[PDB]
file data-v3.csv (CSV, C-alpha atoms and all ligand atoms)
chain,number,residue,atom,x,y,z
A,1,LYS,CA,23.5,-2.3,1.6
A,2,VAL,CA,21.9,-4.4,4.4
A,3,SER,CA,22.0,-1.6,7.0
A,4,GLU,CA,20.6,0.8,4.3
A,5,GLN,CA,17.7,-1.5,3.6
A,6,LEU,CA,16.9,-2.0,7.3
A,7,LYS,CA,17.0,1.8,7.6
A,8,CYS,CA,14.4,2.0,4.8
A,9,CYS,CA,12.4,-0.7,6.5
A,10,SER,CA,12.3,1.3,9.7
A,11,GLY,CA,11.0,4.3,7.6
A,12,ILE,CA,8.3,2.0,6.1
A,13,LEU,CA,7.0,0.8,9.5
A,14,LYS,CA,7.0,4.4,10.7
A,15,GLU,CA,4.8,5.4,7.8
A,16,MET,CA,2.4,2.5,8.6
A,17,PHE,CA,2.1,3.9,12.1
A,18,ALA,CA,1.5,7.5,10.8
A,19,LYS,CA,-1.8,9.3,11.6
A,20,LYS,CA,-2.5,9.5,7.8
A,21,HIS,CA,-3.2,5.7,7.7
A,22,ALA,CA,-4.7,5.3,11.2
A,23,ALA,CA,-8.3,4.5,10.0
A,24,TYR,CA,-7.2,1.2,8.4
A,25,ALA,CA,-3.9,0.6,10.2
A,26,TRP,CA,-5.1,0.6,13.8
A,27,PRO,CA,-6.2,-3.1,14.0
A,28,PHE,CA,-2.5,-4.1,13.3
A,29,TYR,CA,-0.8,-1.9,15.9
A,30,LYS,CA,-0.7,-4.5,18.7
A,31,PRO,CA,-1.0,-8.2,19.1
A,32,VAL,CA,-4.5,-9.5,18.6
A,33,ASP,CA,-6.2,-9.5,22.0
A,34,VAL,CA,-8.0,-12.8,21.6
A,35,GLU,CA,-9.5,-12.7,25.1
A,36,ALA,CA,-10.9,-9.2,24.9
A,37,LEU,CA,-12.2,-9.8,21.3
A,38,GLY,CA,-13.7,-13.2,22.2
A,39,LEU,CA,-11.8,-15.0,19.5
A,40,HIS,CA,-12.0,-18.6,20.9
A,41,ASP,CA,-10.4,-20.2,17.8
A,42,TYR,CA,-7.7,-17.7,16.9
A,43,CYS,CA,-4.8,-19.8,18.2
A,44,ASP,CA,-6.3,-22.9,16.7
A,45,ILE,CA,-6.1,-21.3,13.2
A,46,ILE,CA,-3.2,-18.9,13.5
A,47,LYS,CA,0.1,-20.5,14.6
A,48,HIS,CA,2.5,-17.5,14.2
A,49,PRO,CA,0.7,-14.3,15.3
A,50,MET,CA,2.3,-11.0,14.2
A,51,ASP,CA,1.6,-7.3,14.5
A,52,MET,CA,3.3,-3.9,14.0
A,53,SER,CA,4.6,-3.5,17.6
A,54,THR,CA,6.3,-6.9,17.6
A,55,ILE,CA,7.9,-6.0,14.2
A,56,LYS,CA,9.0,-2.6,15.7
A,57,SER,CA,10.6,-4.4,18.7
A,58,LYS,CA,12.4,-6.8,16.4
A,59,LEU,CA,13.8,-4.0,14.3
A,60,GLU,CA,15.0,-2.0,17.4
A,61,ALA,CA,16.5,-5.2,18.9
A,62,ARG,CA,18.3,-5.6,15.5
A,63,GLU,CA,16.8,-9.1,15.1
A,64,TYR,CA,16.3,-8.9,11.3
A,65,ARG,CA,19.4,-10.0,9.4
A,66,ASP,CA,18.0,-8.5,6.1
A,67,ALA,CA,15.1,-6.6,4.7
A,68,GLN,CA,13.4,-9.7,3.4
A,69,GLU,CA,13.1,-11.1,6.9
A,70,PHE,CA,11.3,-7.8,7.9
A,71,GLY,CA,9.2,-8.2,4.7
A,72,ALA,CA,8.2,-11.7,5.6
A,73,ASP,CA,6.9,-10.6,9.1
A,74,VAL,CA,4.8,-7.8,7.6
A,75,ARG,CA,3.3,-10.2,5.1
A,76,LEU,CA,2.7,-12.8,7.8
A,77,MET,CA,0.7,-10.2,9.7
A,78,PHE,CA,-1.5,-9.6,6.7
A,79,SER,CA,-1.7,-13.3,5.8
A,80,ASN,CA,-2.9,-14.2,9.3
A,81,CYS,CA,-5.7,-11.6,8.8
A,82,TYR,CA,-6.7,-13.1,5.4
A,83,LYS,CA,-6.4,-16.7,6.8
A,84,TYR,CA,-8.6,-16.1,9.8
A,85,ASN,CA,-11.3,-13.8,8.4
A,86,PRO,CA,-13.8,-14.2,5.5
A,87,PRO,CA,-13.0,-12.2,2.3
A,88,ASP,CA,-15.9,-9.7,2.9
A,89,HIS,CA,-14.8,-8.9,6.5
A,90,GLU,CA,-14.3,-5.3,7.6
A,91,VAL,CA,-10.8,-6.1,8.9
A,92,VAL,CA,-9.7,-7.7,5.6
A,93,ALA,CA,-10.6,-4.4,3.8
A,94,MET,CA,-8.4,-2.6,6.2
A,95,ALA,CA,-5.6,-5.1,5.8
A,96,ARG,CA,-5.5,-4.6,2.0
A,97,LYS,CA,-5.4,-0.9,2.3
A,98,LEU,CA,-2.5,-1.0,4.7
A,99,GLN,CA,-0.7,-3.6,2.5
A,100,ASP,CA,-1.1,-1.1,-0.4
A,101,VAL,CA,1.1,1.2,1.6
A,102,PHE,CA,3.7,-1.5,2.5
A,103,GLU,CA,4.0,-3.2,-0.9
A,104,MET,CA,4.5,0.1,-2.7
A,105,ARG,CA,7.3,1.4,-0.4
A,106,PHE,CA,8.9,-2.1,0.0
A,107,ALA,CA,9.3,-2.5,-3.8
A,108,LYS,CA,11.1,0.8,-4.0
A,109,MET,CA,13.8,0.0,-1.5
A,110,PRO,CA,17.4,0.6,-2.7
B,201,LIG,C1,-6.0,-8.0,13.1
B,201,LIG,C2,-7.2,-8.8,13.1
B,201,LIG,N1,-7.4,-10.0,12.5
B,201,LIG,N2,-8.7,-10.4,12.8
B,201,LIG,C3,-9.3,-9.5,13.5
B,201,LIG,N3,-8.4,-8.5,13.8
B,201,LIG,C4,-8.6,-7.4,14.7
B,201,LIG,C5,-7.5,-7.1,15.6
B,201,LIG,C6,-7.7,-6.1,16.5
B,201,LIG,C7,-8.9,-5.4,16.6
B,201,LIG,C8,-9.9,-5.7,15.7
B,201,LIG,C9,-9.8,-6.7,14.8
B,201,LIG,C10,-11.0,-7.0,13.9
B,201,LIG,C11,-11.7,-5.9,13.4
B,201,LIG,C12,-11.1,-4.7,12.9
B,201,LIG,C13,-11.9,-3.7,12.4
B,201,LIG,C14,-13.3,-3.8,12.4
B,201,LIG,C15,-13.9,-5.0,12.8
B,201,LIG,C16,-13.1,-6.0,13.3
B,201,LIG,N4,-11.4,-8.2,13.6
B,201,LIG,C17,-10.7,-9.4,14.1
B,201,LIG,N5,-11.4,-10.5,13.7
B,201,LIG,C18,-12.6,-10.9,14.2
B,201,LIG,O1,-13.3,-11.8,13.9
B,201,LIG,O2,-13.0,-10.0,15.2
B,201,LIG,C19,-14.3,-10.2,15.7
B,201,LIG,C20,-14.9,-8.9,16.1
B,201,LIG,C21,-15.7,-8.2,15.2
B,201,LIG,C22,-16.2,-7.0,15.6
B,201,LIG,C23,-15.9,-6.4,16.8
B,201,LIG,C24,-15.2,-7.2,17.7
B,201,LIG,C25,-14.6,-8.4,17.4

call {"tool": "encode", "arguments": {"input": "data-v3.csv", "output": "structure tokens", "more": "lines below"}}
Ligand SMILES: Cc1nnc2n1-c1ccccc1C(c1ccccc1)=N[C@H]2NC(=O)OCc1ccccc1
result
Amino acid sequence: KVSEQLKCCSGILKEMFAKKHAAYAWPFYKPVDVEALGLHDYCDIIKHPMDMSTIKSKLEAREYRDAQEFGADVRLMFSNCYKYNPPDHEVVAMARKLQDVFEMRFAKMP
């Protein structure tokens, strides 16, 4: 069961990285580069930063003990985005589009 669900989770992340979703997924590929982006207050507001590459590394290092732990990291990524940015921000619109993809696949896990 657990190995099966983590297998599915790897398939979900792979979909999220796929060219099909690149136009709204790209901001989540890597850790937020606060210095490059000039986000002086990002670490004041966001205590547990998360991104798709860190999630990929954690999967491949077999650091998730079940699918819900993986699920909580993905949702943390998205929540950090919603916490930091105003609701009308361009990056929030992208986050919700990508969360469409995640939530639909995640719910249909065996
Ligand atoms: C993820 C995530 N969470 N927040 C943010 N990203 C993020 C992470 C990585 C990369 C981009 C972003 C974008 C973003 C994404 C898409 C469009 C616009 C902004 N916006 C970032 N937020 C912000 O205020 O950037 C200022 C800004 C605004 C405009 C330009 C430069 C800097």

call {"tool": "atom_distance", "arguments": {"input": "data-v3.csv", "atom1": "atom CA of residue A:84", "atom2": "atom CA of residue A:48"}}
result
12.0 Å

call {"tool": "residues_around", "arguments": {"input": "data-v3.csv", "residues": "residue A:75", "least_positions_apart": "3", "cutoff": "12 Å", "atoms": "all atoms listed in the file", "output": "ChimeraX atom specification"}}
result
/A:28,48-52,55,68-72,78-83,95-96,98-100,102-103,106

call {"tool": "closest_atom_pairs", "arguments": {"input": "data-v3.csv", "of": "chain A", "to": "ligand LIG 201 (chain B)", "cutoff": "6 Å", "atoms": "only C-alpha atoms and all ligand atoms", "output": "tab-separated table"}}
result
residue	atom	partner	partner_atom	distance
A:27	CA	B:LIG201	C6	4.2
A:28	CA	B:LIG201	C1	5.2
A:32	CA	B:LIG201	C5	4.9
A:37	CA	B:LIG201	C25	4.8
A:81	CA	B:LIG201	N1	4.4
A:90	CA	B:LIG201	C14	5.1
A:91	CA	B:LIG201	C12	4.2

call {"tool": "closest_residue", "arguments": {"input": "data-v3.csv", "among": "A:39, A:25, A:66, A:105", "to": "residue A:92", "atoms": "only C-alpha atoms"}}
result
A:25

call {"tool": "closest_residue", "arguments": {"input": "data-v3.csv", "among": "A:73, A:107, A:56, A:46", "to": "residue A:5", "atoms": "all atoms listed in the file"}}
result
A:107

call {"tool": "closest_residue", "arguments": {"input": "data-v3.csv", "among": "A:1, A:101, A:74, A:64", "to": "residue A:18", "atoms": "all atoms listed in the file"}}
result
A:101

call {"tool": "closest_residue", "arguments": {"input": "data-v3.csv", "among": "A:2, A:42, A:34, A:53", "to": "residue A:17", "atoms": "only C-alpha atoms"}}
result
A:53

call {"tool": "atom_distance", "arguments": {"input": "data-v3.csv", "atom1": "atom CA of residue A:19", "atom2": "atom CA of residue A:65"}}
result
28.8 Å

call {"tool": "atom_distance", "arguments": {"input": "data-v3.csv", "atom1": "atom CA of residue A:108", "atom2": "atom CA of residue A:29"}}
result
23.3 Å

call {"tool": "closest_residue", "arguments": {"input": "data-v3.csv", "among": "A:76, A:60, A:54, A:85", "to": "residue A:7", "atoms": "all atoms listed in the file"}}
result
A:60
